[PDB]
Amino acid sequence: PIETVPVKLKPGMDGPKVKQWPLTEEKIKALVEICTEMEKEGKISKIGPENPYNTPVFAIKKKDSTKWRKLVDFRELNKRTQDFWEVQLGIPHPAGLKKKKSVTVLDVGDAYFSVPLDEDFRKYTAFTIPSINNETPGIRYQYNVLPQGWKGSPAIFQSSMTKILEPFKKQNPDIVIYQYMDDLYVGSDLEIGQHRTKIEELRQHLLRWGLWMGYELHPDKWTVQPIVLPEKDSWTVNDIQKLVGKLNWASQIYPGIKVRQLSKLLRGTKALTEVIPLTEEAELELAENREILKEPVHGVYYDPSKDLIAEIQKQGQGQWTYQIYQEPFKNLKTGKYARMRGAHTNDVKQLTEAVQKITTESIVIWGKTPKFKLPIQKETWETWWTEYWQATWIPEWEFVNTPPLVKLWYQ
Amino acid sequence: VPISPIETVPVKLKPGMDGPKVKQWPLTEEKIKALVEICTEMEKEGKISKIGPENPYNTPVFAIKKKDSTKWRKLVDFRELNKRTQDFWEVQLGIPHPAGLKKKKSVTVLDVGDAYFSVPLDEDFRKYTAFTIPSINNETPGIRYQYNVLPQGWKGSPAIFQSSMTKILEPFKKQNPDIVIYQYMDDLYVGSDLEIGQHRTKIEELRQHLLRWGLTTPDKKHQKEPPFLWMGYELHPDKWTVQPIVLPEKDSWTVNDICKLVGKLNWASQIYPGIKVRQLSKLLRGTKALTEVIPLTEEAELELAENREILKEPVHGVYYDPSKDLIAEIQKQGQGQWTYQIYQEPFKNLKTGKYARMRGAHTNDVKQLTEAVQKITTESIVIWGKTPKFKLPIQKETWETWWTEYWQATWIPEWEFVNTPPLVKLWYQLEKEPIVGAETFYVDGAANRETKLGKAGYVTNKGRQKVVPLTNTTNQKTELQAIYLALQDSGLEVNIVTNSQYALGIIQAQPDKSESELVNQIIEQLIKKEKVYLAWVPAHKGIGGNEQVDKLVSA
DNA sequence: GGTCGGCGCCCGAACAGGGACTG
DNA sequence: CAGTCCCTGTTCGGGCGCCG
Ligand SMILES: C[C@H](Cn1cnc2c(N)ncnc21)OCP(=O)(O)N[C@H](CC(=O)O)C(=O)O
Ligand SMILES: [Mn+2]
Ligand SMILES: [Mn+2]
């Protein structure tokens, strides 16, 4: 008996037409059960080939979670509805969420099934279930309610969400609550004990309105990865050659980097392994360059209208560095991960973990997901990444092939 | 016209486009008799109806003889209607493979006669399926019909039939969950672990359940005894194989004859191990005419004769036992070619295959092995829904050195080393630290965009020097040429310092094959060395001899 | 005597995006 | 400075194979 919010695609665009990729046996059996149950509850209904639209579908398990979770790759549909969830029903991003001692994430995607979807828009939510060895043709469905993973679901449900959280926000006015996709971010400066208790207060407060899992974050302990120069007492020709090449690359970010006095030490055609004593003017040029790298870059600030971009570098030995920026060399944040799941054995699992951590940080800090530049071959990534995905959202990505230059971001 | 028991699928035309209006082709008198004989039989059965002048549309029509039968097949040239019909989403996601079938107690295969002619078409869309059957006389106006069912030649018919067929089988499959029904169009592979007595009943029940909707299962196409002919294979109780393959024996080969040969070779590669089409595919490059005669090279005749000798011996595949592991083993055939066998018991292949794609201008065996593993993985997930365990001709230590030091992310699933030459290995290793006691070559190269002239050379710490003039070259080619010079003129250990990102990026990927002969010569020199240390320095910064050698190669 | 859909392979042409040099 | 071009990688069009 609920009225539907009319939704339109971006003018001049059509719906998504993305082929379904192969799924493993465990994922298909998980999808068949979920879709059969969702069909019995009227959340989805079968359709036919007269619907030219289609969106890929697979399944995941969250961290330390046994239950399978249906996940739709609505990335292409979210691009073709961008003016809806940013112009009309935009959700504000609290700048204080990143400043809280503890932030917890709550999967509230189950609440979207309560609200029906606009009848004219259901044609674009179509998805197909494959079968092992193509025993049967594809089993096509479409959504009758607000789908999970679609950027229009939290916008339509925002009005209902604000009225559900009003009793809790009043009693706890110092707690920040941010909603992004199927997740709910709850941040507070409370002690770890009573913080999780306030989370359970919100869990029971949400259960009485027809709705569980929690992941803890600590944005106050997030540290950046600066550019560091080696501290050696005996330098060689090769050491100084690598030092100048690194400082030359870093000069594109810090305009005050000078390499003249250090280059003068490399005047002759010397052997790489020859020890070179640093002159007086070179030592001062190195000490001054170290101080500039301590300074923040001039004229760097987040722009709400520009897209976020994230680059990741493989440093070996489980080390992974990353930088987030909107304009080149104007990095809004840099960092480094180490000893993640799959270290010293699985690069794709480590890279998948890195993309998730970086995306989670970008949601807390700016409320946006960055477009990733992945140091991996396209076929290597598209073959394994779903085996390790553990998040209800999916960021956009492209594949790069940049051979290592002068190891700028890691010693 | 009576209402068909099957729910119709609503179909619209694309917005702003009308139906087709095409004139009929001149048909042979032998094909006209077959059409009128079929048209009058379908009109009696309510599948087509007459139309007058109120239908302003028309579409050509023809016929093709059925395989191993005297019956005919009515086809429509709906090429103009498909352009203006709405887009569909195909529900056929792939082709079933017999290596995915599991052993069942009883197996039954049955076809559906005139499958498209038993599924209704949308009422509002029948007007656009108008055609004219020419009579034996050119002056006779001819009979005009319109389709009441799914035509043959319309882009919506296959997607509609497969979706319609799946909906009819759902109530039967729901009542009989332990009965496997492979549904490829109208071909039904039915197998079960029930006793053969109860199996014949369930088949008759299915033949009655399909009959309640207009789907006829003729006893002619019924198959109760092995070997079953299914999807172009021969299914036996313990094994399977492809139906006999005939390769053309042309004395004078054309371009189209090679395409027909290459296709059947790829088709045979699914069970016949060791098929190579590298040299034969080298005949299709740079050619323009399909009917152009092309002579066979010495490498193509040897490859063709080897494929024929493989097809002489009978090969067969087995079925999938879900209780035992899935194993895939890869071998390095020729340069750029790979074959694999997927099995569970030794020498009992489920299927075979080959990978031979050339990705990029610079590659190595380790990259191509990773590409073959990924191709087999995706193929296995389609067929079996799981990734097989790999046996690879690469040392565990070799692969460890590669993926840990590579700048890209790369990974191979659970695998074990199999000692079967030729083994995949890295042919040279760049040092991580500069070499003490090794000569240090500062290399550089430059060229002019207009004159296409340039210089390549080096300057070392021992005063050694060289500059070579280069004609018809580029900046990138000279900088590779400078590294090649320092490799020729150095000892077994060398330190090379360049400012070429392009040159350093190629070499650090440790290639062993390249489309550039210059890179191949660099590779050949790198394998002769014992310790090579490359290093990059920025240009135009007055660094070492890199500035001195930059001014030497300026012109 | 030339229809449709699906999947696979092989090829070349068209498309595209980064790096070093030049007016 | 933007303009090329030298190089490399990707996507897509079109032929065959095979199935219904
Ligand atoms: C019509 C469907 C699919 N289908 C098969 N061939 C087709 C073709 N050339 N064009 C378009 N659709 C085609 O198949 C039903 P069918 O009547 O059971 N099978 C025979 C095939 C034979 O036995 O040779 C036939 O249709 O001729
Ligand atoms: Mn049939
Ligand atoms: Mn140069």
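The PDB entry annotates chain B as Gag-Pol polyprotein originating from Human immunodeficiency virus type 1 BH10.

Where the PDB entry is consulted, chain A appears under the name Gag-Pol polyprotein, with the organism given as Human immunodeficiency virus type 1 BH10.

Overview of the overall build of chain B
Helix and strand counts for chain B come out as 13 helices and 23 strands. Here the C-alpha atoms of chain B give a radius of gyration of 33 Å, more than 25% beyond the 24 Å that 2.2 N^0.38 yields for 555 residues. Reported as C-alpha extents along the three principal axes, the dimensions of chain B are approximately 100 × 60 × 50 Å. Going through the 555 residues of chain B one by one, you find that 50% of them count as buried. For chain B, the share of sequence-separated contacts (at least 6 apart) that also reach a separation of at least 24 residues comes to 69%.

Side note on the overall build of chain A
For chain A, the helix and strand inventory stands at eleven helices and 14 strands. Viewed in the frame of its principal axes, chain A has a C-alpha envelope of about 80 × 55 × 40 Å. Taking all 411 residues of chain A together, 54% fall into the buried category. Of the accessible surface of chain A, which amounts to about 18,900 Å², a share of 52% is contributed by carbon and sulfur atoms.

Here we look at the side chain of A:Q179
Residues and elements named next belong to chain A. Considering the arrangement of structural elements, one finds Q179 in strand β7 (residues 176-180). Of note is the side chain of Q179, whose polar atom sits 3.1 Å from the side chain of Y112. Excluding anything up to four places from it in sequence, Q179 contacts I91, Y112, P154, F157, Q158, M161 and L184.

What about the side chain of B:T363?
Residues and elements named next belong to chain B. Positionally, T363 belongs in strand β15 (residues 362-363). Residue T363 is classed as buried on the basis of its relative accessible area of 2%. Leaving out residues up to four positions away in the same chain, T363 has contacts with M358, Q368, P511, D512 and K513.

Some words on the site of ligand 1
All names here are of chain B. Neighbouring ligand 1 are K66, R73, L75, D111, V112, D114, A115, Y116, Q152, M185 and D186. In the model, an oxygen atom of ligand 1 is placed 2.4 Å from a nitrogen or oxygen of the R73 side chain. Here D111 contributes a side-chain N or O atom positioned 3.2 Å from an oxygen atom of ligand 1. Computed on the free molecule, ligand 1 has an accessible area of 550 Å², of which 68% lies beneath the protein chains in the complex.

Some details on the pairing of β7(A)
Residues and elements named next belong to chain A. Taking burial as the measure, the five residues of β7 include five buried ones, the bulk of the element. Residues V176, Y178 and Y180 line one face of β7 and the alternating positions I177 and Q179 line the opposite face, and both faces are buried. Where β7 and strand β8 (residues 183-188) come together, five bridges link them in antiparallel fashion. Each bridged residue has a counterpart across the sheet, and for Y178 the counterpart in β8 is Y185. Here β7 folds back onto β8, and the loop between the two strands holds two residues, one of which, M181, carries a positive phi near 60°.

Here we look at the packing of helix α5 (residues 158-171) of chain A against helix α6 (residues 192-207) of chain A
Residues and elements named next belong to chain A. Packing of α5 against α6 brings their axes to within 11 Å, and their N-to-C directions diverge by 130°. The angle between α5 and α6 places the two elements in the oblique class. Here α5 runs over α6; the crossing is right-handed. Across the interface between the two elements, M161, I164, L165, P167 and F168 of α5 pack against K198, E201, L202, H205 and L206 of α6.

Focus on the coordination of the manganese ion (ligand 2)
All names here are of chain B. The protein atoms donating to the manganese ion (ligand 2) are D111 (OD), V112 (O) and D186 (OD), with metal-donor distances spanning 2.0 Å. Ordering the donors of the manganese ion (ligand 2) by residue number gives the pattern D-V-x73-D. In this pair, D111 is assigned in the loop between β4 (106-110) and β5 (130-133) and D186 in the loop between β7 (179-184) and β8 (187-192), connecting sequence segments 75 residues apart. Residue classification places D186 among the buried positions, given a relative accessible area of 12%.

So, the interface of chain A and chain B
Contacts between the two partners involve 65 residues from chain A, matched on the other side by 69 residues from chain B. A per-residue breakdown of the area chain A buries against chain B is headed by A:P49, A:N133 and A:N134, which together make up 13% of the total. Put simply, chain A and chain B have three salt bridges between them. A salt bridge links A:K17 to B:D87; the shortest N-O distance between them is 3.2 Å. Counting every contact that joins chain A to chain B gives 27 residue pairs in polar contact. Going through the elements one at a time, α7 (237-250), α10 (347-366) and α11 (378-384) of chain A are the ones with two or more residues in the side of chain A that touches chain B. If one sorts the elements of the side of chain A that touches chain B by residue count, α7(A) sits on top with eight residues.

Here's the deal with the packing of helix α3 (residues 157-175) of chain B against helix α4 (residues 196-211) of chain B
All names here are of chain B. Running from N to C, α3 and α4 point in directions that differ by 135°, and their axes come no closer than 10 Å. As far as their axial angle goes, α4 and α3 are oblique. The hand of the α3/α4 crossing is right-handed. Residue-level inspection shows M165, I168, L169, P171 and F172 of α3 in contact with α4, the latter providing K202, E205, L206, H209 and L210. Residues belonging to the contact of α3 with α4 are distributed by class as follows: seven nonpolar, one polar and two charged.

Remarks on the sheet that holds strand β11 (residues 319-325) of chain A
Picture the strands of a sheet paired through backbone hydrogen bonds; they go either parallel or antiparallel. Residue and element names in this part refer to chain A. Read across the open sheet, the five strands follow the order β12-β11-β10-β13-β14; overall the sheet is mixed. Every interior strand has two partners, whereas the edge strands, β12 (331-337) and β14 (397-400), have only one. Direction aside, neighbouring strands of the sheet carry axes that sit 20° apart on average. Of the pairings in the sheet, the one linking β11 to β12 comprises six bridges and is antiparallel in character. Bridging across to β12, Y325 finds its partner in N331.

Quick look at unusual backbone geometry
It is generally the case that most residues other than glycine have a negative phi and that most peptide bonds are trans. Each neighbour pair has its own omega, and for B:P226 with B:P227 the value is 0°, a cis peptide bond. Examined against the element boundaries, B:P227 turns out to sit in the loop between α4 and β9 (228-230). Here the residue pair B:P421 and B:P422 is connected by a cis peptide bond, since its omega of 0° sits within 30 degrees of zero. Positive phi, close to 60°, is recorded for A:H344, a residue that is not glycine. With respect to the helices and strands, the residue A:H344 is situated in the loop between β12 and α10. We note that B:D68 has phi near 55°; this positive angle belongs to a residue other than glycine.

Side note on helix α1 (residues 25-40) of chain A
Residues and elements named next belong to chain A. A rise of 1.5 Å per residue sets the reference length of α1, with its 16 residues, at 22 Å; its end C-alpha atoms lie 23 Å apart and thus fit the reference within 8%. Listed in full, the buried residues belonging to α1 are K27, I28, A30, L31, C35 and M38. For α1, the arc enclosing every buried residue in end-on projection is 160°, short of the 170-degree limit, so these residues lie on one face. Exposed and oriented more than 90 degrees from the buried face of α1 are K29, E33 and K40. Buried residues along α1 sit in contact with β1 (44-46), β2 (57-60), β3 (69-72), β5 (127-129) and β6 (139-143).

Notes on the protein's contact with DNA strand C
Around DNA strand C sit 28 residues in total, of which A:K19, B:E90, B:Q92, B:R285 and B:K354 are the nearest. Put simply, 81% of the atoms of DNA strand C that lie within 4 Å of the protein are in sugar or phosphate. Taking A:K19, its side chain carries an N or O atom lying 3.0 Å from a phosphate oxygen of DNA strand C. Contributing elements (two or more residues each) for the surface near DNA strand C: β3 (72-76) and α2 (79-84) of chain B. Considering only residue class, the surface near DNA strand C consists of eight nonpolar, eleven polar and nine charged.

Focus on the domain arrangement of chain A
Along its sequence, chain A is organised into domain 1 (6-95 + 121-161), domain 2 (96-120 + 162-216), domain 3 (217-302) and domain 4 (303-411). Here the C-alpha centre of domain 3 of chain A lies 50 Å away from the C-alpha centre of domain 1 of chain A.

A few points about helix α8 (residues 365-384) of chain B
All names here are of chain B. Given a rise of 1.5 Å per residue, 20 residues ought to cover 28 Å, and the 28 Å separating the end C-alpha atoms of α8 matches this to within 8%. Counting buried positions over the 20 residues of α8 gives 17, a clear majority of the element. One side-chain oxygen at the N-terminal end of α8 lies 3.3 Å from the backbone nitrogen of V366; it belongs to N364. Immediately beyond the C-terminal end of α8, within one or two residues, lies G385, with a positive phi of roughly 75°.

Basis of the calculations
- Residues numbered from 1 in each chain as written, not as in the entry; some residues may be left out.
- Chains lettered and ligands numbered in written order.
- Heavy atoms only, no water.
- Helix = DSSP H or I, 4+ residues; strand = E, 2+ residues; numbered from the N terminus.
- Rg over C-alpha atoms; globule rule 2.2 N^0.38 Å.
- Buried < 20%, exposed > 50% of the residue type's maximum accessible area, 1.4 Å probe, protein only.
- Contact = heavy atoms within 4.5 Å.
- Areas by Shrake-Rupley, 256 points an atom, 1.4 Å probe, with all protein chains shown as cover.
- Polar contact = N/O pair within 3.5 Å; in protein donor to acceptor, adjacent residues only side chain to side chain.
- Near = heavy atom within 4 Å.
- Pairing = 2+ DSSP bridges.
- Axes fitted to C-alpha atoms, helices over the stretch in contact; angles between N-to-C directions.
- Parallel < 35°, antiparallel > 145°, perpendicular 65-115°, else oblique.
- Left-handed = near helix turned anticlockwise from the far one by under 90°.
- Donors = N, O, S within 2.8 Å, 3.2 Å for Na, K, Ca; no water.
- Buried area = accessible area lost by both parts, 1.4 Å probe.
- Salt bridge = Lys/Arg side-chain N within 4 Å of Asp/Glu carboxyl O.
- Nonpolar A, V, L, I, M, F, W, Y, C, P; charged D, E, K, R; others polar.
- Expected span 1.5 Å × (residues − 1).
- Arc of directions from axis to C-beta.
- Domains from an automatic or database assignment.

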